[PDB]
Protein chains: 2
Amino acid sequence: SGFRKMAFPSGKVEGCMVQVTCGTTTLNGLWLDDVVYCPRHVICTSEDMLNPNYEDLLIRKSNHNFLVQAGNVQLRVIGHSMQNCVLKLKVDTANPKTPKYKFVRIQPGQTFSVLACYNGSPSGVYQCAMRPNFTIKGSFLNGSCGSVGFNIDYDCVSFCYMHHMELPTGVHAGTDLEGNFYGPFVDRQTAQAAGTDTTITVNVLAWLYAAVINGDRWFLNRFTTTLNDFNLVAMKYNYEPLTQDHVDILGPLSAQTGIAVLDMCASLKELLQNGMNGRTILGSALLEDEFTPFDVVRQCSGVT
Amino acid sequence: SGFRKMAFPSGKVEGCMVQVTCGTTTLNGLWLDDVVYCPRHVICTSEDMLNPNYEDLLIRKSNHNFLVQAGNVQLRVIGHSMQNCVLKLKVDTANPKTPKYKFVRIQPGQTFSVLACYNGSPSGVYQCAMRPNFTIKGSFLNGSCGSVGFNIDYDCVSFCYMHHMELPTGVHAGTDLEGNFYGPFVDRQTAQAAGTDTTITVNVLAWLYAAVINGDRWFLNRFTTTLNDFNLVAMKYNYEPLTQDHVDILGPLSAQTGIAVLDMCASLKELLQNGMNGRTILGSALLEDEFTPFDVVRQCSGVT
Ligand SMILES: [Se]
Ligand SMILES: [Se]
């Protein structure tokens with residue numbers, strides 16, 4: 001037993017991380033089959049980033065302006081293309097370490113693993129959530145850009161995130177692997193608003209179920225409530241409204257614990273109104289919203 | 001910028017995880033060169049675990065009673081040996097994926113990555129600390145036993161932990177890769193006391209420095225203090241006493257932030273006496289003690 005923020009094992013993604021250099025700028029790319037994927041702002045200087053015309057900047061670049069390195073192997077670029085905010089560099093070699101993979105666009109509130117990379121070398125792995133406002137709260141230093149977010153289903157890596165920028169507010173924005181930003185963000189060094197973040201209510205509930213399963217039961221109260229009444233209290237506390245879709249997704253946890261979703265909601269209501277009174281749940285003094293119901297079931301039943 | 005509990009990339013260890021079966025019992029082993037390492041209690045039934053004589057139980061076992069499987073490849077066992085609480089199975093094949101490695105015994109308060117495994121297949125990776133009382137607060141379901149803890153220095157994997165048991169209290173105990181338990185624990189299903197856990201004071205301080213670096217400065221106070229006076233307050237709050245060795249280890253963070261270790265101690269003192277007043281530091285409502293100063297520098301300077 002026990003409960004931990006667990007990332008996916010990163011081996012399959014490690015073998016895909018390359019170093020991409022165009023003029024002075026170096027960042028991470030992802031080498032799958034005969035294509036390398038990286039942030040298009042690899043073609044920008046510091047000054048370019050103030051107001052980039054990517055089409056005009058890219059037009060000054062030939063295949064040979066792009067230095068792609070996999071460990072000590074330099075790859076040869078035989079084609080380049082801009083797809084939204086990503087560059088696709090066609091290289092002459094299929095990555096021998098290409099895992100089975102999909103590109104997917106994830107939903108606000110879903111989680112994924114990030115392999116934080118510098119100079120195309122992996123430094124570490126952590127789990128996080130796409131916030132409702134489509135930011136992530138990562139750890140990304142200079143040259144982490146092009147570090148990827150992913151999920152694993154058995155043998156298949158589902159890439160969902162590529163890191164492009166830190167906002168002036170210290171949170172992180174990037175794209176799917178087709179180069180569409182999550183959220184209203186652009187790849188430009190300008191002031192950009194994330195907008196109000198909300199708690200992922202369905203995730204918090206998932207974690208309360210995880211807590212019950214690991215014997216942390218003190219917050220279980222004698223009340224119940226209604227979906228409408230709950231959402232009325234959620235609204236006050238900048239919690240995302242809970243839908244019947246959400247109630248359904250929690251069913252298997254309802255079934256394991258013999259606790260009805262609506263009673264767990266009433267428990268949540270009282271924590272929101274009363275705080276924690278200086279107690280902890282699963283080692284935390286605040287309500288945790290970075291586990292999906294799927295993550296909780298995974299860890300509680302031990303999927304590989 | 002930003003700050004996250006980051007594990008090491010797990011690829012090098014993934015390629016070493018095998019499935020070990022002896023009679024009915026299956027758990028994880030670690031395949032390095034021509035040796036497989038696993039918990040010796042793989043030779044125990046449920047009933048054996050109540051009061052095992054491992055020497056007598058092991059004597060009923062030949063090389064052929066041990067089914068070692070690496071993916072679909074079954075390995076051949078040509079030798080078996082008990083070293084303390086681990087079994088060393090000599091197999092005919094050197095693991096082609098053997099990384100450069102060391103076995104190391106870590107100190108209370110040091111951190112490492114766990115690759116949580118089921119049936120010799122990796123399920124996930126998280127970072128944790130050896131507690132002063134030599135337990136870990138993991139996530140380990142049935143058959144996770146033999147899952148390993150490690151650190152990585154560039155190309156070299158330093159294995160420091162093998163999971164053997166959950167205590168009746170829900171925390172986790174295991175051994176180094178020579179099979180010596182961390183702490184007073186034995187591989188027997190009996191009541192065993194962990195003893196009082198204490199906070200890793202040097203780690204908390206490291207994290208306060210991390211907090212300052214990421215602009216979380218509100219807890220910085222107008223006081224200072226003495227090492228003796230600080231430790232007097234530490235003792236009351238079950239914080240580990242701070243030594244000059246610890247002061248020294250924090251030097252580079254002192255140097256980056258222009259904040260003297262003793263002034264950061266005075267900050268800590270007031271948090272310990274006053275709590276957090278319902279504020280957060282780096283997203284947490286409690287004082288975090290699972291980052292070493294080394295971990296903080298790693299993440300703040302981006303080592304690969
Ligand atoms: Se970047
Ligand atoms: Se075990």
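First the proteins, then the strands, lettered A, B, ... as listed; each starts at 1. Side chains are part of it too, since the values below use all heavy atoms of this structure and drop only hydrogens, waters and symmetry mates.
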### Query
Any luck finding a side-chain donor-acceptor pair between B:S121 and B:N119 under 3.5 Å?
no

### Message
When you compare the side chain of B:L287 with that of B:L268, does any pair of heavy atoms fall below 4.5 Å?
### Response
yes

### Query
Is the backbone N or O of B:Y126 less than 3.5 Å from a side-chain atom of A:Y126, with the two atoms forming a donor-acceptor pair by type?
no

### Message
Ring centroids only, cut at 6.0 angstrom: are A:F3 and A:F291 within range, meaning strictly under it?
### Response
yes

### Message
I'd like to check A:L253 versus A:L208 (side-chain heavy atoms, cut-off strictly below 4.5 Å). Are they in contact?
### Response
no

#### Entry: Any donor-acceptor N/O pair, A:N95 side chain to A:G15 backbone, under 3.5 Å
yes

### Query
In Å, rounded to the nearest 0.5 Å, how long is the span from CE of A:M162 to SG of A:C145?
10.0 Å

### Query
Counting distance only, does the side-chain N/O of B:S123 pair as donor-acceptor with the main-chain N or O of B:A116 below 3.5 Å?
yes

### Summary
A:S113 meets the side chain to side chain donor-acceptor pair (under 3.5 Å) criterion, sequence neighbours left out, with A:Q127

### Message
If I compare all heavy atoms of B:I136 with all of B:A129, which pair ends up nearest, and what's the gap?
### Response
CG2-O, 3.8 Å

### Query
Between A:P293 and A:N203, which heavy-atom pair has the shortest distance, and what is it?
CD-ND2, 4.0 Å

### Message
For A:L32 versus A:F103, what's the shortest heavy-atom pair and its separation?
### Response
CD1-CE2, 3.6 Å

### Task
Go through the structure and list residues passing side chain to side chain donor-acceptor pair (under 3.5 Å) with B:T198, not counting sequence neighbours.
B:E240

### Query
Can you check side-chain hydrogen bond (donor to acceptor under 3.5 Å, both in side chains) on B:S10 and B:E14, steps first, answer last?
CA-CA 6 Å; B:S10 63; B:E14 291 171 55; 2.7 Å; yes

### Task
Find out whether A:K88 and A:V36 are in side-chain contact, i.e. whether some heavy atom of one side chain is under 4.5 Å from a heavy atom of the other.
no

### Task
Enumerate the residue pairs fulfilling side chain to side chain donor-acceptor pair (under 3.5 Å) with a member in residues 252-262 of chain A, sequence neighbours excluded, ordered by first and then second residue.
none

### Task
Could you tell me whether A:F134 atom CZ has more than 12 heavy atoms of other residues or ligands within 6.0 Å of it?
yes

### Residues that B:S144 engages under side chain to side chain donor-acceptor pair (under 3.5 Å), provided they are two or more places apart
none

### Task
Taking the six-membered ring for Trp and the full ring for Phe, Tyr or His, determine whether the centres of A:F112 and A:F8 are under 6.0 Å apart.
no

### Message
Holding to salt bridge (charged side-chain N to carboxylate O under 4.0 Å, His left out), I want the full list of residues that pass it with A:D33, two or more places apart in sequence or in another chain.
### Response
none

### Message
What I'd like to find out is whether the side chain of A:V261 reaches to under 4.5 Å of the side chain of A:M264, using heavy atoms alone.
### Response
no

### Side chain to side chain, A:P99 and A:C156, heavy atoms closer than 4.5 Å
no

### Task
Quick one: pull up CG in A:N84 and CG in A:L177 and give me the separation to the nearest 0.5 Å.
11.5 Å

### Task
Just jot down the side chain to side chain contact (heavy atoms under 4.5 Å, CB included) partners of A:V104, sequence neighbours excluded, or say none.
A:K102, A:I106, A:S158, A:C160

### Close side-chain approach of A:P9 to B:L115, heavy-atom, < 4.5 Å
yes

### Query
Does A:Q110 use its side chain to pair, donor to acceptor, with the backbone of A:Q107 at less than 3.5 Å?
yes

### Message
I'd like to know whether A:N180 forms a side-chain hydrogen bond (donor to acceptor under 3.5 Å, both in side chains) with A:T175, so could you lay out the CA-CA distance, the side-chain angles of the two residues, the decisive distance to 0.1 Å, and finally the verdict.
### Response
CA-CA 5 Å; A:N180 309 112; A:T175 68; over 6 Å; no

### Message
For the OG atom of A:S267 and the CG atom of A:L205, what is their distance to the nearest 0.5 Å?
### Response
10.0 Å

### Residue pairs fulfilling salt bridge (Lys or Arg N to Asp or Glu O under 4.0 Å) with at least one residue in residues 124-135 of chain A, sequence neighbours excluded
A:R131-A:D197, A:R131-A:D289

### Query
For the side chain of A:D229 and the backbone of A:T226, is there at least one donor-acceptor N/O pair under 3.5 Å apart?
no

### Query
Are the side chains of A:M6 and A:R298 in touch, meaning some heavy atoms are under 4.5 Å apart?
no

### Query
Is there any salt bridge (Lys or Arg N to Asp or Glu O under 4.0 Å) pair reaching into residues 163-176 of chain A, and which pairs are they, with sequence neighbours excluded?
A:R105-A:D176

### Task
Fit a plane to each ring of B:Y161 and B:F140, take the angle between them on a 0 to 90° scale, and name the class: parallel (under 30°), tilted (30 to 60°) or perpendicular (over 60°).
tilted

### Main-chain N/O of B:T280 paired with B:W218 side-chain donor or acceptor, under 3.5 Å
yes

### Message
Quick one: does any side-chain atom of A:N221 pair with a main-chain N or O of A:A266 as donor and acceptor, under 3.5 Å?
### Response
yes

### Task
Of all the heavy-atom pairs spanning A:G283 and B:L286, show the shortest one and how long it is.
O-CD2, 3.4 Å

### Separation of A:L227 CG from A:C265 SG (nearest 0.5 Å)
7.0 Å

### Message
Would you say that A:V18 contacts A:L30 through its side chain, given a criterion of any heavy-atom pair below 4.5 Å between the two side chains?
### Response
no

## Note on the structure
Closest heavy-atom pair, B:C117 versus B:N28, reported as atoms and distance to 0.1 Å, is O-ND2, 3.1 Å

### Query
When you look at B:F219 and B:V212, which way does the side-chain contact (heavy atoms from CB on, under 4.5 Å) test go after all the steps?
CA-CA 9 Å; B:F219 53 84; B:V212 173; 3.9 Å; yes

### Query
How far apart are the C-alpha atoms of B:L282 and B:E288, what are their side-chain angles, what is the distance that settles it, and do they pass the side-chain contact (heavy atoms from CB on, under 4.5 Å) test?
CA-CA 9 Å; B:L282 286 169; B:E288 177 64 49; over 6 Å; no

### Query
Counting distance only, does the side-chain N/O of A:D248 pair as donor-acceptor with the main-chain N or O of A:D245 below 3.5 Å?
no

### Summary
Scanning both residues in full, the closest heavy-atom pair of B:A194 with B:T135 reads CB-CG2, 3.7 Å

### Query
Around B:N142, counting heavy atoms of other residues, nucleotides and ligands shown, do more than 12 lie under 6.0 Å from its CG?
no

### Task
Could you list the residues that satisfy side chain to side chain contact (heavy atoms under 4.5 Å, CB included) with B:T169, not counting sequence neighbours?
B:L167, B:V171

### Query
When you measure from the side chain of A:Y239 to the backbone N and O of A:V202, does any donor-acceptor pair fall under 3.5 Å?
no

### Query
ring pair (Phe, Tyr, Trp, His ring centres under 6.0 Å) with A:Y118: which residues, sequence neighbours excluded?
none

### Task
Output, in order, the C-alpha distance, side-chain angles, deciding distance and verdict of side-chain contact (heavy atoms from CB on, under 4.5 Å) for B:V114 and B:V125.
CA-CA 6 Å; B:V114 168; B:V125 70; over 6 Å; no

### Message
How long is the straight-line distance from CZ of B:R279 back to OG of B:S284, given to the nearest 0.5 Å?
### Response
13.5 Å

### Message
Applying side chain to side chain contact (heavy atoms under 4.5 Å, CB included), can you list everything that pairs with A:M235, at least two apart in sequence or on another chain?
### Response
none

### Message
Closer than 3.5 angstrom, by distance alone: can the side chain of A:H172 be matched with the main-chain N or O of B:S1 as a donor-acceptor pair?
### Response
yes

### Task
Indicate, with yes or no, if the rings of A:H164 and A:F181 have centres closer together than 6.0 Å.
yes

### Task
Not counting sequence neighbours, which residues clear side chain to side chain donor-acceptor pair (under 3.5 Å) with B:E290? List them please.
A:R4, B:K5

